[PDB]
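Examining the three-dimensional arrangement
Here is what each chain is made of, one letter per residue.
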Amino acid sequence: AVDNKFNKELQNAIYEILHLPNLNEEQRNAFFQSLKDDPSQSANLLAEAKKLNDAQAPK
Amino acid sequence: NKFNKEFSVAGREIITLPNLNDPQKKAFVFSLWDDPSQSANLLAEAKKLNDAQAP
């Protein structure tokens, strides 16, 4: 078991998601909540966030 | 459901502090995510640290 304070993957996911340019605030906060619900999903959620970011690129 | 508009404001405040490095900001962002009710203490701590690291 990995504790959240000792989980670099979780911490990096939160920080990266905070920076993504093409998400809206609702999406960002939903990701933050989903990470709280299950930190084991950090890799999946970060990948999902990046995919949505890229689909939502303005050009 | 604690990730709301106030949480957004605090995370933005942390990353805009100009003298913190990325590991520092990531750590404060984690602490805010871990306990959003501590935004006030954490934001003040981050600003203090920022000022300690000013050129």
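Residues numbered from 1 in each chain as written, not as in the entry; some residues may be left out. Chains lettered and ligands numbered in written order. Heavy atoms only, no water. Residues with missing side-chain atoms left out of burial classes, pairs and counts.

Looking at the entry header, you'll see X-ray crystallography listed as the method and 1.02 Å as the resolution.

As annotated in the PDB entry, chain B carries the name affibody LL1.FIFV and is attributed to synthetic construct.

Looking up chain A in the PDB entry gives the name Immunoglobulin G-binding protein A, with the organism given as Staphylococcus aureus.

Remarks on the packing of helix α2 (residues 25-37) of chain A against helix α3 (residues 42-55) of chain A
Packed helices, taken two at a time, are described by the angle between their axes plus the distance between the axes. All names here are of chain A. Note the cut-off: Lines fitted to the C-alpha atoms define the axes, with helices restricted to the stretch that makes contact. Angles between their N-to-C directions range from 0 to 180 degrees. For helices the rule is a DSSP run of H or I covering at least 4 residues; for strands it is a run of E covering at least 2, with both sets numbered from the N terminus onward. Should an angle fall under 35 degrees it is called roughly parallel, over 145 degrees roughly antiparallel, and 65 to 115 degrees roughly perpendicular, with every other angle called oblique. Working rule for contacts: check all heavy atoms of both residues, and any pair within 4.5 Å makes them a contact. Polar here means any residue other than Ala, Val, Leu, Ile, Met, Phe, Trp, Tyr, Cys and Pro, which are nonpolar, and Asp, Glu, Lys and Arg, which are charged; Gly is therefore polar.
At their nearest, the axes of α2 and α3 sit 10 Å apart, and the two run at 170° to each other. The pairing of α2 with α3 is recorded here as roughly antiparallel in orientation. Within the contact between the two elements, α2 uses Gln27, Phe31, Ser34 and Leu35 and α3 uses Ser42, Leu45, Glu48, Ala49 and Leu52. Here the contact of α2 with α3 is built from residues that sort into 5 nonpolar, 3 polar and 1 charged.

Here we look at helix α1 (residues 8-19) of chain A
Rules: In a helix, the anticipated span is given by 1.5 Å times the number of residues less one.
With 12 residues, α1 of chain A extends 17 Å between its outermost C-alpha atoms, agreeing within 8% with the 16 Å of an ideal straight helix rising 1.5 Å per residue. Elements that come into contact with the buried residues of α1 of chain A comprise α2 and α3 of chain A together with α1 (5-15) and α2 (22-34) of chain B.

A closer look at the interface of chain B and chain A
How big an interface is tends to be expressed through the accessible area that disappears when the partners come together. In this complex, chain B contributes 15 residues to the contact, which on the side of chain A involves 15 residues. Counting only elements with at least two residues in the side of chain B that touches chain A, the list comes to α1 and α2 of chain B. Looking at which element gives the most residues to the side of chain B that touches chain A, the answer is α2 of chain B, with 6 residues. Classifying every residue of the side of chain B that touches chain A by side-chain character gives 6 nonpolar, 4 polar and 5 charged.

A closer look at the environment of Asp54 of chain A
Residues and elements named next belong to chain A. Short version of the rule: Three labels apply to residues, based on accessible area from a 1.4 Å probe with only protein chains included: buried if under 20% of the type maximum, exposed if over 50%, partly exposed otherwise in between.
Summarising the element assignment, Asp54 is placed in helix α3. Its relative accessible area of 55% is what places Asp54 among the exposed residues. Along the sequence, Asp54 and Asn22 sit 32 residues apart, while their C-alpha atoms lie 7.3 Å from each other.

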